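Visitor: Structural data only, the sequence is not supplied:
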């Protein structure tokens, strides 16, 4: 489950 | 004599 | 004399204004791709060759997976800023 | 799928924040460096090799000639922003 | 393979915007020497094989319009596209004769989703213009 | 004649700043996976030949001081310098665990006039961090 910075 | 942009 | 800003290189993970994506189980897209290319070719390719292959790998191999559809299937391209004055090999 | 921002290259004459110098008789430093490198090598060097040598030539060969000494003997370094995903040869 | 495919009927279009004169109200002066730049760029980029087009003293609306129209042309048989901007500038921005326009808005016309016939092909922008007012004093 | 000179005793120093955990007052969440990044970067840049040191959950003042001190070391026997920043971020700016600091301030310590022993040597910055909130929807 991708996230961003 | 040089200039700038 | 020599410009005080010369001989810097910035390898950004993304383009100005944009998100940078990270997988919690595998790491950020940019770093995954950067380490891939460095293991295979860090010692025989020039820095701009390495980072161009990284650009291609991030652009092609990765697509975001998300619950929110606002963030479903989004893409990323990194961004290299070079003030280098010579080619750079690590050897 | 492909990022919408992929496969751009920005060859700026100068780094962000800085002046860019032009000579009224010979033209701007970046352009005359770029043209001279492309004439000798535009068909045999990769685009980043071309622009890295342009970086060197602007950085080493040019110094601002002015009489308001606030602008005497000043320097310039160009700035390459690459989102390319492959090597570029004009051949 | 690791190089852009160059096996196309033409190398591609090269658009040069040569802005020398500016409306008084903008505060900007004549850019002496830019005609020599434009001449040497078109000879150089013609040698490479580009179809070179030189525009001169463009307004901001002309610069947007001609780049938008160039992104609507059929580039299917071209290997790449190139644009060269010669003008006054400040950070993120370039001068037409009547004011200032964001560089990003000029280049966004060629995004992958807005110029489908240059998809996966290199889109080159060469920019001669200031990006601010800092001087580089150098070191020997 | 066209390569950076690499005939030095050391490849150079590599500083990895690995920011995973952020103060409550910043509102930023934990960056899961960034340890996997840092260890992979550690092995790669070490394999290249860099003397690598990782620094975890740095504050803004520590990041500034780490890079100011590295800039003041003697690099006579080094070919280059690298720094890797893993954190949250926004355009032109990177998060310490206690706020934001401008990227230009981290890098300016290495300018030619502020670090004579890296003059004419590559200084490399690899930055994993957001630069805004635009999404790239992609295109087929």
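Guide: Looks like it arrived, so ask away. Numbering: from 1, shown residues only, chains lettered A, B, ... in the order given.
Visitor: doesn't residue E:102 make contact with residue E:63?
Guide: No. Residue E:63 lies out of contact with residue E:102 (Cβ atoms under 8 Å); the separation is 10.8 Å. Just so you know, the C-beta spots here come from the backbone N, C-alpha and C atoms, and that holds for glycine as well.
Visitor: more crowded one of these two?
Guide: A direct count of neighbours by other Cβ atoms under 10 Å in any protein chain shown for residue E:63 and residue E:102 places residue E:63 higher, at 24 against 13.
Visitor: Look at that one and give its secondary structure.
Guide: Following DSSP: H, G, I helix; E, B strand; the rest coil, we place residue E:63 in the helix state.
Visitor: for the spatially closest residue to it that is not a sequence neighbour, which residues make a bridge with it?
Guide: For residue E:63, ignoring the flanking residues on the chain, the nearest one in space by Cβ to Cβ, 6 or more residues apart in numbering or on different chains is residue E:96 at 5.2 Å. As for beta bridges, residue E:96 partners with residue E:99 under DSSP bridges.
Visitor: Test my guess that residue E:96 contacts residue E:89.
Guide: No. Assessed by Cβ under 8 Å, residue E:96 is found out of contact with residue E:89, at 10.8 Å.
Visitor: The two - which one has more neighbours?
Guide: residue E:89 (25 against 22).
Visitor: Was I right to think the more buried one contacts residue E:102?
Guide: No. Counting by Cβ under 8 Å, residue E:89 does not reach residue E:102; the two are 10.7 Å apart.
Visitor: Show me where chain C has its helices.
Guide: C:29-41, C:47-61 (DSSP state H).
Visitor: Count the neighbours of the nearest residue to residue E:133 once chain neighbours are set aside for me.
Guide: Using Cβ to Cβ, 6+ apart and skipping the chain neighbours, the partner closest in space to residue E:133 is residue D:19 (6.5 Å). By other Cβ under 10 Å, the residues close to residue D:19 number 23.
Visitor: how many neighbours does the residue lying closest to residue C:58 once chain neighbours are set aside have?
Guide: Spatial nearest neighbour of residue C:58, chain neighbours left out: residue C:33 (4.9 Å); criterion: Cβ to Cβ, 6+ apart. Using other Cβ under 10 Å, residue C:33 is surrounded by 25 other residues.
Visitor: Also residue E:57?
Guide: 15.
Visitor: can you check the one 3 residues further on too?
Guide: Other residues within reach of residue E:60, judged by other Cβ under 10 Å, total 18.
Visitor: wait, what's in contact with the residue nearest to it when sequence neighbours are not counted?
Guide: Spatially, and ignoring its direct neighbours in sequence, residue E:60 is nearest to residue E:96 (3.6 Å; Cβ to Cβ, 6+ apart). By Cβ atoms under 8 Å, 6 or more residues apart in numbering or on different chains, the residues touching residue E:96 are E:19, E:58, E:59, E:60, E:61, E:62, E:63, E:87.
Visitor: could the residues you listed be laid out in JSON lines, adding distance to residue C:88?
Guide: JSON lines is the format used below for the contacts of residue E:96 (distance: Cβ to Cβ, whole Å):
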{"residue": "E:19", "distance to residue C:88": "35"}
{"residue": "E:58", "distance to residue C:88": "38"}
{"residue": "E:59", "distance to residue C:88": "42"}
{"residue": "E:60", "distance to residue C:88": "39"}
{"residue": "E:61", "distance to residue C:88": "43"}
{"residue": "E:62", "distance to residue C:88": "41"}
{"residue": "E:63", "distance to residue C:88": "36"}
{"residue": "E:87", "distance to residue C:88": "32"}
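Visitor: Which of these are buried, as a PyMOL select command?
Guide: Entered in PyMOL, the line below selects the buried ones among these, by 16 or more other Cβ atoms under 10 Å in any protein chain shown:
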select buried, chain E and resi 19+58+60+63+87
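Visitor: which pair in the contacts of residue E:96 spans the largest distance?
Guide: Spatial extent of the contacts of residue E:96 (Cβ to Cβ) is set by the pair E:61 and E:87 at 14.6 Å.
Visitor: Tell me the spatial nearest neighbour of residue 15, not counting adjacent residues.
Guide: In the absence of a named chain, this looks at chain C. residue C:79 (4.6 Å).
Visitor: think we crossed wires, I meant chain E
Guide: Nearest one to residue E:15, counting by Cβ to Cβ, 6+ apart, is residue E:83 at 4.7 Å.
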